[PDB]
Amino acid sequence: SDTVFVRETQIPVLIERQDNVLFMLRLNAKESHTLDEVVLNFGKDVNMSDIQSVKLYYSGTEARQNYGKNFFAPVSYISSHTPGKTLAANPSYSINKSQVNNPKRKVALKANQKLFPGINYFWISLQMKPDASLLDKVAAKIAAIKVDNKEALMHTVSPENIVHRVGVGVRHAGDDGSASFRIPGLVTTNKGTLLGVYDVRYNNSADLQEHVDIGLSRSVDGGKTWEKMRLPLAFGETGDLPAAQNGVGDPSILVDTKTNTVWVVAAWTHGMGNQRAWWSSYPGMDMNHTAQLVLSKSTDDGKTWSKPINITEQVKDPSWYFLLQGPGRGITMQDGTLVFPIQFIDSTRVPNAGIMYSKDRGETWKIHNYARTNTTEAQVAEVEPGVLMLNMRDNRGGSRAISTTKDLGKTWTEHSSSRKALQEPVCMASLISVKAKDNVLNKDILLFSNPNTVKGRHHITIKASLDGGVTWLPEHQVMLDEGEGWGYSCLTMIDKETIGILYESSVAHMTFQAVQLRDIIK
């Protein structure tokens, strides 16, 4: 007898999407002729008034050579890549067989779908209310599938008690005329305002050099709604060159907690043809030879931004090929010191991570020594007062490097977790420190986010450490996105009990989610 296999997804449910893949179904119809209906029950705690519709789609069959590979779909159903067409299921891949608007907890979805004599794919789509709260959690179970007027056998390969979390697609492919958005940074101001920054990569998703601005989305309601995109840094046709030879990218953002002034640092690349700035920036100091380190500041909680402030000459060794920030965010130290992670390719063309700091509220910056050779993107957190922990993307592969410094980068001490505790596929990763005074657990905690793999950028995960980054217990981890994406992410605390994350996801170029601190540390 035939069996319907079910795979529940673990990806963000975007509130503004018209479709979100909730379940996939595979039926090899050796004897079945017609699928009549699917019955769904949402969990008892689901807020049904926040759900707009539930839909059953049929997506056809599979290539015969792929029978037996345990696939649950023939193709990706909802594009996150096609400009202007990432909110709804592609109708050429998926036929809407059933839809229920304003559903009850129990949903019957009538298909009456004639089955291909072979593999058949179906899937269930969840659409939220535009009004839905960011803390919504959705659970559901397929109760019954009727085939040829009989109850069909079912087998679920996905784990029990999946928690489906919602999110906001802050930026989608095509938005505001830009092909792509990448490289998130995220902070919370002293006024609780959320500020998320990113590359606006207009022509395609290529790294610098290209037509790239720094964009910024501002939320005054905890990430539920976002003001129209701002452009803190954009160089257009500066210095008489085309805009695509004036990109500025890889932003890092920090809040000066002593004054609430907000700083964005980025790498402005001038010239370099259409080639990658990693290989096209050279020794020197002016815009014709090397990438420029530029700042923009806001003294009004992120609403308006200064013209660019060039600090290259403060901190760049002329012998370096390329000095730029570590993308993501910076910090204010307890003693008021401002710190941005940085990275420089030295005279031998080897990259090294470190930090840059200001003791005068951002007027002047300085770099001492690198933390570790052959490392690039890094994030820094004050794990204990006066102790900066730098967590680094390591070109050796497979795991983050971690070191600490108590003299602002003069000397570095390798940490026990280094090259062991936090696996990576060589990719940006976020690290923040939350102090006992500032969170609902009255405990010092470290939060880290990245693709929890050694190969490929998928299974984006937030991990928590309770012993200052010595131990990252699998118990204290939340897996937000099992799909593939570009992998970058940046964390902040929305408030004393809620984590905010802005990251490159499988469902939107810039995806924002709120995760209760108690969900990850129960």
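Counting begins at 1, following the sequence as shown.
Mean C-alpha B-factor is higher over 307 to 315 than over the other stretch, the pair under comparison being 116 to 124 and 307 to 315. A summary of the deposited B-factors shows that, of 411 to 419 and 168 to 176, the stretch with the larger mean C-alpha value is 411 to 419. Within the listed group 446, 212, 253, 88, the record reports its top CA B-factor for 446. Residue set 66, 59, 471, 489: peak C-alpha B-factor at 471 (per PDB entry). Sort the modelled residues of the chain by CA B factor and residue 484 lands in the middle third. When the CA B factors of the chain's modelled residues are split into thirds, the value for residue 386 lands in the highest one. Sorting the modelled residues of the chain by their CA temperature factor places residue 327 in the lowest third.
Among the modelled residues of the chain, residue 243 sits in the lowest third by CA temperature factor in this PDB entry. Among all modelled residues in this chain, the alpha-carbon of residue 137 has a temperature factor (C-alpha) in the middle third.
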